[PDB]
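Student: To kick things off, part of the complex as it is:
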Amino acid sequence: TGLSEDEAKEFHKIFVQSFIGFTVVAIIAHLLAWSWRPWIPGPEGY
Amino acid sequence: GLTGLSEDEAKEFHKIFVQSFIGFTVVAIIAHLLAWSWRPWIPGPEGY
Amino acid sequence: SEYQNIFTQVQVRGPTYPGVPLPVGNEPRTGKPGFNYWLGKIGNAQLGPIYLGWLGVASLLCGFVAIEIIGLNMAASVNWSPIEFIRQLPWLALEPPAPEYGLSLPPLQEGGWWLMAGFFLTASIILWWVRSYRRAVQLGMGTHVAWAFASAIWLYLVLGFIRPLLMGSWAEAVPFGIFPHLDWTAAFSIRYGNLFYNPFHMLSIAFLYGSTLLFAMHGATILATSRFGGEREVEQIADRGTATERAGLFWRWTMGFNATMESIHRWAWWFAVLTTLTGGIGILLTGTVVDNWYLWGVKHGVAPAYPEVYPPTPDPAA
Amino acid sequence: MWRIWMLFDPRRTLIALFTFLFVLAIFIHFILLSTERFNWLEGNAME
Amino acid sequence: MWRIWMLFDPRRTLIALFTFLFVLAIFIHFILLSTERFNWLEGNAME
Amino acid sequence: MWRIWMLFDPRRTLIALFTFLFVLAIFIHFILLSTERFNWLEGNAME
Amino acid sequence: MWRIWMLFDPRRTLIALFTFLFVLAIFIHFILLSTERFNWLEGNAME
Amino acid sequence: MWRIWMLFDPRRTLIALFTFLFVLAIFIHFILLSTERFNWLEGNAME
């Protein structure tokens, strides 16, 4: 990999933040999509 | 000097290139005016 | 007129090559190698020796049983007439079991022989496959032949075993005959609505066309650069020569990109295996998960719609 | 967990991850477009 | 069980494991989609 | 924005730009010719 | 604008341009021949 | 007889034997499933 431990931690810090930011935007998108049309049918089937 | 032309050679080619492009375009413009006088190609609301 | 390297003009003769020494645990090679002049015109003149281990003899015996079952049944179908056997040979077949038996074991009268021939032929092919694996490993070479062979077996297995298993009927399988298995091939496409519209059949044909295209390119490319030693490909891979450079540059200047001497055989390997890999998947899909490929094409916007030269014909059966 | 980057190169992993994420997102969008309820372009009614 | 990594390279094991886990997950999601009961996009009624 | 030419070769960018723009332009003309309303050579009536 | 010839070689440029201009010219002549109104050889009536 | 193993290598014999036994076991299990009486998954009645 040719990476020291210091750069490995520093990349992982940004990677986790970017993943959280990407997930947070997606979570909001899924909340908006659910408010539009929920995708869990239920006993009656939509 | 990417193409190997000096500044003067680029001047000379461009002048002839522009002149012949203008001559080529002028003939085409006359051809299009004759074509328009024959049958215009813009339909109109009823589309001729 | 220059030499086109089509036929070897001057062959040389010497001691026959007995093969590289096999490691301990291998049978001695059988046969006394000899030289064939006409084979040496195109390639190597030496014929043999062959390796006949346990896998070789077991595969030969299993294949012999399958061929005998097929041949004796076709001979019996013409009342054991050798004259009618030769005359009708392309038309004769060992018929697959009747549809009434499903996946159950059928009697000899109604396709029991087909199941035995299919079983012993499959065992022969499988034993031949591991022999292909073993012969490569014992020489220290990679097992690329065995896995390319596995792709061919994959289509063979789905055609006669896996798809009939999924359809629950041995009658869905291929007869052991020359013309009848062409009839089965035609009937298969007809039954499932123009297998031309099977996208994996399209892929298999693209790779079959590509494989023939690639060998036309590669065979001609190597022959055109064999004057620089292009036929010694493995030597070119380890130590690149002008033959590899000219071969790559010809294709780079022609179509804008090229391969290496090693990577062209990776293209060759993958195009060949993908022919049977895609084909096996396509055959496995039809009847199990798609039953009318043309209607699948119209469903997915694949089938073109043609202008009506005649009015649409109503079906007279209501 | 930072030690994961001592195994895989972060830059090539990012390329593969971003390619994977876009392809997955495209296919999930297309899967929804293939349904009647979740096709926002065809706009079928619910229930 | 730490000894298992003395025979298997962590990099190739993780790549194979992640590829296997994702393919299995996609395979199981698609299998559910082919069922009437568990197709959450088509939303068939229970029972 | 003069800094983009520190990154991109002006000659290769111009070649890529010109061919891309013509291909886009000719395909937009093609798309217009495929419509009833905007095919100027067919001259279909409006509405 | 003469500086375009410090980036584009006149020889290759003119060969590409004249080839392109010819292809486009006979392509447009072909398009008109394919139409009812502008097929000057078939001579369909106007309107 | 212990002398059986002077002839045949123990390692090759075991590899072939294990494959042969499993293939035979699969062969017999499939044959039983092909029958009405011995298909334990279908569970047909007797007689």
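Tutor: Structure's in. What do you need? Residues are numbered from 1 along each chain as shown, chains lettered A, B, ... in the order given.

Student: middle-most residue in chain C, spatially?
Tutor: residue C:152 (5.2 Å; Cα atoms, centre = their mean).

Student: Distance of that one relative to chain F?
Tutor: With distances taken as Cβ to the nearest Cβ, to the nearest Å, residue C:152 is found 42 Å from chain F. To be clear about C-beta, it is placed using only N, CA and C from the backbone, and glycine gets the same treatment.

Student: what about the helices in the chain?
Tutor: Using chain A here. If DSSP state H is used as the criterion, the helices of chain A fall at A:5-36.

Student: You answered for a different chain; I wanted chain D.
Tutor: Listed in chain order, the helices found in chain D under DSSP H are D:10-33.

Student: Residue of it closest to chain B, please.
Tutor: For chain D, the residue closest to chain B is residue D:41, as judged by Cβ to the nearest Cβ, at 30.6 Å.

Student: residue contacts, the residue nearest to that residue when sequence neighbours are not counted?
Tutor: Nearest residue to residue D:41, sequence neighbours excluded (Cβ to Cβ, 6 or more residues apart in numbering or on different chains): residue D:33, at 6.7 Å. When the contact criterion is Cβ atoms under 8 Å, 6 or more residues apart in numbering or on different chains, the partners of residue D:33 are D:39, D:40, D:41, D:42.

Student: which bits of chain A sit near chain D?
Tutor: Where proximity means Cβ under 8 Å from any Cβ of the partner chain, the interface of chain A facing chain D comprises A:1-3, A:5, A:8-9, A:11-13, A:15, A:37, A:39, A:46.

Student: give me that answer again for 7 Å
Tutor: Taking Cβ under 7 Å from any Cβ of the partner chain as the criterion, the neighbours of chain D within chain A are A:1, A:3, A:8, A:9, A:11, A:12, A:37, A:39, A:46.

Student: Surely the fourth one and residue D:2 touch.
Tutor: Yes - in this structure, residue A:9 is within contact of residue D:2 by Cβ atoms under 7 Å, at 4.5 Å.

Student: As chain I, please add this:
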Amino acid sequence: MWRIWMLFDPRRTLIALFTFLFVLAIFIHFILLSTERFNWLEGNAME
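Tutor: Let me put chain I in with the others:
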């Protein structure tokens, strides 16, 4: 315009032109033959 021979070598600019001119000439004769009015061999009434 005599300077074009500095750019384009005339020894083979002619062969690239003669085979161009004949193919264009052979083709225009073809288009005329395909027409009802200008096919001088079939010779339809001019109207």
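
Student: so, the contacts of residue D:33 revisited with chain I in the model?
Tutor: The contact partners of residue D:33, by Cβ atoms under 7 Å, 6 or more residues apart in numbering or on different chains, come to D:39, D:41.

Student: Residues of chain D that sit close to chain G?
Tutor: Neighbours of chain G within chain D, by Cβ under 7 Å from any Cβ: none found.

Student: give me the residue from chain D nearest chain C.
Tutor: For chain D, the nearest residue to chain C under the criterion Cβ to the nearest Cβ is residue D:34, separated by 10.5 Å.

Student: How much space separates that residue from chain A?
Tutor: Between residue D:34 and chain A the computed distance is 14 Å (Cβ to the nearest Cβ).

Student: any idea how far residue D:27 is from that residue?
Tutor: Plainly put, residue D:34 is 10 Å away from residue D:27 if you go by Cβ to Cβ, to the nearest Å.

Student: Same check on residue D:8?
Tutor: Between residue D:8 and residue D:27 the computed distance is 24 Å (Cβ to Cβ).

Student: Once you drop chain neighbours, what's closest to the residue in chain D that chain A sits nearest to?
Tutor: Closest contact between chain D and chain A, by Cβ to the nearest Cβ, is at residue D:2 (3.7 Å). Using Cβ to Cβ, 6+ apart and skipping residues adjacent in sequence, the residue nearest residue D:2 is residue A:12, 3.7 Å away.

Student: who's in contact with the one you found?
Tutor: For residue A:12, the contacting residues are D:1, D:2, D:5, by Cβ under 7 Å, 6+ apart.

Student: Just the buried ones from those?
Tutor: For the contacts of residue A:12, burial is judged from neighbour counts taken by 16 or more other Cβ atoms under 10 Å in any protein chain shown, and it is met by D:2, D:5.

Student: Closest to residue E:17 out of the contacts of residue A:12?
Tutor: Within the contacts of residue A:12, distances to residue E:17 taken as Cβ to Cβ reach their minimum at residue D:1, with 16.0 Å.

Student: Name the nearest residue to the closest one, ignoring sequence neighbours.
Tutor: residue A:12 (6.7 Å).

Student: tack on chain J:
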Amino acid sequence: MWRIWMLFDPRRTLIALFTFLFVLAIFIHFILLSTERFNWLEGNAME
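Tutor: So, slotting chain J in with the rest:
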């Protein structure tokens, strides 16, 4: 104009010219053979 034969190979120029002349001559004969008026073998009536 005799100088051009220093720049053109007299042998393969003559070969190509004869091949072109014969192909054109054959082609024109065939086009006449396909016409109702100039088919001298079918021999249809004039007018």
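
Student: Chain J added, so what about the contacts of residue D:33 now?
Tutor: Applying Cβ under 7 Å, 6+ apart, one finds that residue D:33 lies in contact with D:39, D:41.

Student: same thing with residue C:153?
Tutor: Counting by Cβ under 7 Å, 6+ apart, residue C:153 makes contact with C:125, C:129.

Student: what residues are up against the residue nearest to the centre of chain C?
Tutor: residue C:276.

Student: Repeat the analysis, applying 10 Å as the threshold.
Tutor: When contacts are counted by Cβ atoms under 10 Å, 6 or more residues apart in numbering or on different chains, residue C:152 is found next to C:125, C:129, C:272, C:273, C:275, C:276, C:277, C:279, C:280.

Student: Mind checking which of the residues you listed are in helices?
Tutor: Among the contacts of residue C:152, the residues falling in helices (DSSP H) are C:125, C:129, C:272, C:273, C:275, C:276, C:277, C:279, C:280.

Student: what's the neighbour count on the second one?
Tutor: Using other Cβ atoms under 10 Å in any protein chain shown, residue C:129 has 19 neighbouring residues.

Student: coming back round to it: now the residue nearest to the centre of chain C: phi and psi?
Tutor: Torsion angles at residue C:152 (phi, psi; degrees, to the nearest 10) stand at phi -60, psi -40.

Student: Kindly provide the distance from it to residue C:267.
Tutor: For residue C:152, the distance to residue C:267 - Cβ to Cβ - is 18 Å.

Student: ok, now residue C:2?
Tutor: The separation that residue C:2 has from residue C:267, given Cβ to Cβ, amounts to 29 Å.

Student: For the two, work out which one has more neighbours and name it.
Tutor: residue C:267 (15 against 5).

Student: Can you tell me the element the more buried one falls in?
Tutor: In this assignment (DSSP states H and E), residue C:267 forms part of helix C:261-285.

Student: got a list of what residue C:192 touches?
Tutor: For residue C:192, the contacting residues are C:198, C:283, C:285, C:286, C:287, C:290, C:291, C:292, C:293, C:294, C:296, by Cβ under 10 Å, 6+ apart.
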